[PDB]
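Chains as they are written, first to last, in PDB author numbering: chain F, 343 to 459; chain C, 258 to 428; chain A, 258 to 428; chain G, 1 to 284; chain E, 225 to 342.
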């Protein structure tokens, strides 16, 4: 069902951008392992950081996992998730730390978690 | 009950199966090696009092019995992506993974967080212990990976000087 | 004619041949799997005007018949050294290799040039396309030669920087 | 996987480790040669700063623009950077410190200008959009003063012409063979001498031809040495940082060898058994 | 079985096995000759029992004891191969000899960092 004629152009483009930059991060992992992250071009450091922030924002707390951790479960609507990933990809949240995105609901919870570190 | 090595019961059963000329599968183990451990470990259970009444013909009215199992598995070179280790991980509830690197570094018992889990979870604990120790294993799951990634220096010292001294003293 | 998953005709034939107790070859495939696909694919042919005129006993003249075959094959993690992929790569006139590392990066259709061959070449092209394609082949070949330096770019000379950023635009 | 496919990558990573070891050795020798050339440069600046202190802060203290703190309305920086990568985090720490200070200066609404030594900073600041106005690149292991004459001349002319004020040099201080720190230091207006030449009371030079036109040349030549000194210290710091970085890269390669060999062993065991089981099970 | 007769007399005995890997490999050859199905890496199906039947007789007893020193060979330098993996289950100590220590003119050339005992 991940076709523009089924899910709309905005959803399709967001999903494909996420895939594209996670794949670009996969391609950089092997050189980061050898030489360290300081050899990367200035724009490659940015795709690395945004890829790690996407990887964190993909996490979510569950109502059934509410007994393995203590976090309350979150329900995220499709509109909010594409609204958040489209925001991350184009750099409007570049200033937050990675941990602001770990185990949150919509992006407006990540901006709040950033305040409490 | 403690089975000191299921990874050697599996080898003895493989010997028996190959002497009986049965076709082997992955890693030369028989096809039904999973059914070797499952029908064993599936007997460690907690039973309701109606079952104890129906079994003991009424004599023990209103107590619940249980059998707790702790099988031991030995994995070559620390990998868990292997046939029998993964077969038993797919049967038991929890998973205490003891790591050789931690063990050499003096951290004993070498309980590796992030890989080890308890699928029963906080339901098993006394509520004091449950509340005091809320989510720390997942905290260390990231503390470890970040101390592994951020090797060059303690940069972006927002609270990492507190985080990675708390997570050190906890260990 | 498109054959979708010849690698599933091969599996159905392996099943039939293993239920008949025939001697299993490599990966349990029977010995005659090649002779299964070849006498299929060699039926795709272009046929000259005299064969057509003789077959139809007149009623057609001057015309040449044709039948084009596009068999599809699935590989497990990109390995070409398997049995059925080896046979079919040996039989056909060329290959279009679709790779997942290109598909993920957004290059769609993810055909991998250079690793992909057509032995009919320009003979099956309009002369305008035959004229224009040679510079694309050479551009992508130079790009493949230089691509090792991509993640070290901005260190490079400008004369090779031009080739490197031209190959990216062709891609 | 595939046993041959994994052995090929084991060989590739071993070759990489060997290359990085050779680079560590080369850098560890160039570091010594560079840090000796660094010591060969002290006497000029020292024995010239004593003279400048005598003519400037001694008796009959003369008056010169470069000696006094006119009000600041725009600032200038001389930026030294490496011409070669693989130096670790050396250049980016320095450029980030420069951007922090240059942003603090533009909070007050002052304008700022840059002059670049080395190719890396030239590449960086055009991407950030900095106002570079003069540059020299391609110094390599052989930094001449007769090439630094140019941009230092541009900055000095822009200073005495009234445009710039309070110009700086930013560079890496070589402190230990494994410790180099980015520093921003003030060259003009001239920093204040710790020592006092009141003890020079008892003598005065026979200035031929005349003291003011001579102090001008002394001050111009002095900023040049201090810049040149900054360039040579930055070069020795680059060599030390590349040494450390290639050391780390060789150890990372040495661990990837362990992981790849474990994978190769598992692959070859699985291949032996998967072949021999097919053979034995095929024989009815 | 000669070491065991020395044990019964009340003595402490040393038994040297010049290469136990060749004991495993000859068991594999005999197993193949008898026509039994090949085990994890082609080794015999009875590998872990043929090894234990030997190594279980080398024990201290309340009349005497047999200690054993066994030269070990690791195929393809693989400490995961079934033969090393089965042998290491029984060893109590492990002494590594290194040529670097001998080039230093130090004898015995025991590597003290990798040498191990439980």
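Don't be surprised by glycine CBs; every beta carbon is placed ideally from N, CA and C.
Kindly list, in the order they appear in chain A, the residues whose Cβ is closer than 7 Å to that of residue i.
i: residue 365 of chain F; result: 361 and 362
i: residue 361 of chain F; result: 361
i: residue 358 of chain F; result: 363
For the alpha helix (DSSP H) containing residue i, name the first residue and the last one.
i: residue 336 of chain A; result: That residue, residue 336 of chain A, is in no alpha helix (DSSP H); it is neither H nor E in DSSP.
i: residue 331 of chain E; result: Per DSSP, residue 331 of chain E belongs to no alpha helix (DSSP H) and is neither H nor E.
i: residue 211 of chain G; result: 211-282
i: residue 377 of chain A; result: Neither: residue 377 of chain A is in no alpha helix (DSSP H) and is coded neither H nor E.
i: residue 131 of chain G; result: Element bounds for residue 131 of chain G: n/a, residue is neither H nor E.
i: residue 283 of chain C; result: That residue, residue 283 of chain C, is in no alpha helix (DSSP H); it is neither H nor E in DSSP.
i: residue 392 of chain F; result: 384-399
i: residue 347 of chain E; result: There is simply no residue 347 of chain E to check, as chain E begins at 225 and stops at 342 in what is shown.
i: residue 274 of chain C; result: 263-276
Please tell me whether residue i has its Cβ less than 8 Å away from any Cβ of chain F.
i: residue 425 of chain A; result: no
i: residue 249 of chain G; result: yes
i: residue 456 of chain A; result: Only positions 258 to 428 of chain A appear in the structure, and residue 456 of chain A is not among them; the question remains open.
i: residue 254 of chain G; result: no
i: residue 92 of chain G; result: yes
i: residue 86 of chain G; result: yes
Can you name the residues of chain F whose CB is closer than 7 Å to the CB of residue i?
i: residue 378 of chain C; result: 409 and 410
i: residue 395 of chain C; result: 411
i: residue 392 of chain C; result: 411 and 412
Against chain C, does residue i count as a neighbour if the rule is that its beta carbon must be under 8 Å from one of theirs?
i: residue 262 of chain G; result: yes
i: residue 277 of chain G; result: yes
i: residue 403 of chain F; result: no
i: residue 370 of chain F; result: no
Quick one: what's residue i bridged to in DSSP?
i: residue 78 of chain G; result: G/115 and G/169
i: residue 136 of chain G; result: G/117
i: residue 241 of chain E; result: E/294
i: residue 184 of chain G; result: G/170
i: residue 176 of chain G; result: G/179
i: residue 417 of chain C; result: None; residue 417 of chain C has no bridge partner.
i: residue 236 of chain E; result: E/289
i: residue 355 of chain C; result: C/368
i: residue 284 of chain E; result: E/289
Give the range of the beta strand (DSSP E) segment to which residue i is assigned.
i: residue 298 of chain C; result: No beta strand (DSSP E) contains residue 298 of chain C, which is instead part of the alpha helix (DSSP H) from 291-298.
i: residue 294 of chain E; result: 288-294
Residue i versus chain C: which residues are under 8 Å apart at the beta carbon?
i: residue 273 of chain G; result: 284 and 285
i: residue 459 of chain F; result: 415 and 416
Taking C-beta pairs closer than 7 Å, name the residues in chain C that residue i reaches, listed in chain order.
i: residue 281 of chain G; result: 280
Does the beta carbon of residue i sit closer than 8 Å to a beta carbon anywhere in chain G?
i: residue 411 of chain A; result: yes
i: residue 336 of chain A; result: yes
i: residue 378 of chain F; result: yes
i: residue 451 of chain F; result: no
i: residue 432 of chain F; result: no
i: residue 352 of chain F; result: no
Taking only beta-carbon positions, decide if residue i is within less than 8 Å of chain A.
i: residue 81 of chain G; result: no
i: residue 89 of chain G; result: no
i: residue 419 of chain F; result: no
i: residue 383 of chain F; result: yes
I want to verify the contact list: residues of chain G whose CB lies under 8 Å from the CB of residue i, in sequence order.
i: residue 316 of chain E; result: Here the premise fails: no neighbours, minimum Cβ distance about 25 Å.
i: residue 266 of chain E; result: 272, 273 and 276
For chain E, find out if any of its Cβ atoms is closer than 8 Å to the Cβ of residue i; answer yes or no.
i: residue 298 of chain C; result: no
i: residue 269 of chain G; result: yes
i: residue 268 of chain C; result: yes
i: residue 263 of chain C; result: no
Output, in chain order, the set of chain F residues within a Cβ distance shorter than 8 Å of residue i.
i: residue 138 of chain G; result: Those within 8 Å of residue 138 of chain G in chain F number zero; the least Cβ separation is about 21 Å.
Run through chain A and tell me which residues come within less than 9 Å of residue i, C-beta to C-beta.
i: residue 373 of chain F; result: 408
Mind pulling the chain F residues with CB within less than 9 Å of residue i?
i: residue 150 of chain G; result: Near residue 150 of chain G there are no residues of chain F at all, since even the closest Cβ is about 27 Å away, more than 9 Å.
I want to see whether chain B comes within less than 8 Å of residue i, judged by CB atoms only; does it?
i: residue 413 of chain F; result: Absence of chain B from the displayed structure is noted, the protein chains being F, C, A, G and E.
At 9 Å on the CB atoms, spell out the chain E contacts of residue i, in chain order.
i: residue 355 of chain C; result: Here the premise fails: no neighbours, minimum Cβ distance about 16 Å.
Closer than 9 Å between beta carbons: that is the criterion. Which residues of the stretch 246-263 of chain E meet it against chain C? Answer set for the stretch 246-263 of chain E: 260, 261, 262 and 263.
Give, in chain order, every residue of the stretch 1-31 of chain G whose Cβ lies closer than 9 Å to some Cβ of chain E. Going along the stretch 1-31 of chain G in chain order, one finds no residue with a Cβ nearer than 9 Å to chain E.
Check each residue of the stretch 268-279 of chain E: if its Cβ is closer than 7 Å to any Cβ of chain C, include it; give the result in chain order. Residues passing the 7 Å Cβ filter: 269, 270, 272 and 273.
The stretch 111-129 of chain G: which residues have C-beta closer than 8 Å to a C-beta of chain F, in chain order? Residues of the stretch 111-129 of chain G with a Cβ closer than 8 Å to any Cβ of chain F, in chain order: 124 and 127.
According to a CB-to-CB cut-off of less than 7 Å, which residues of the stretch 292-310 of chain E neighbour chain C? Against chain C - using a Cβ distance shorter than 7 Å - the residues of the stretch 292-310 of chain E are 304 and 309.
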